[PDB]
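> Residue numbers (the entry's author numbering): 1 to 124. Even for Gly, the Cβ is constructed at its ideal location relative to N, Cα and C.
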């Protein structure tokens, strides 16, 4: 089975581009990363940074996660991100998203040895 760490990479990492380049970015990526296979996910975030830089967040500022757990970490620096949010015309299996570019700090939850991101909590 896919590990939580691998799922984080599949769901959230896109080191191949520096920012979303068109309005279709989210539609294409949500489909290509198999995030719409069983249902339309309502929201997602992609991070346009190296994997190493995102993994390093697990050694940065420890903060509470939104749900109160205490294994969350906030990046010291802002990162290039893309927000994807389902539009009103989305209807499974033709899931449809609005693409929004942003530059924000990320907050991730970390687990394991090596201690790596497993969940994307928030951008701030």
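Since residue 109 sits in a beta bridge, which residues does DSSP pair it with?
72, 119, per the DSSP bridge assignment.
> Skipping 5 residues on each side, what residues in its chain have a beta carbon closer than 7 Å to that of residue 25?
Within the same chain, residue 25 has close Cβ partners 82, 99.
> How should residue 9 be labelled, buried or exposed, when 16 other C-beta atoms within 10 angstroms of its C-beta is the threshold for buried?
Counting Cβ neighbours within 10 Å, residue 9 comes out buried, since at least 16 surround it.
> If I follow the unbroken beta strand (DSSP E) through residue 83, where does it start and stop?
First-last of the beta strand (DSSP E) with residue 83: 79 to 86.
> If the criterion is Cβ atoms closer than 9 Å, does the pair residue 86 and residue 58 meet it?
Not in contact: residue 86 and residue 58 (Cβ atoms no closer than 9 Å).
> Taking the alpha-carbon positions, what's the residue 62 to residue 120 distance?
So the two alpha carbons sit approximately 14 Å from each other.
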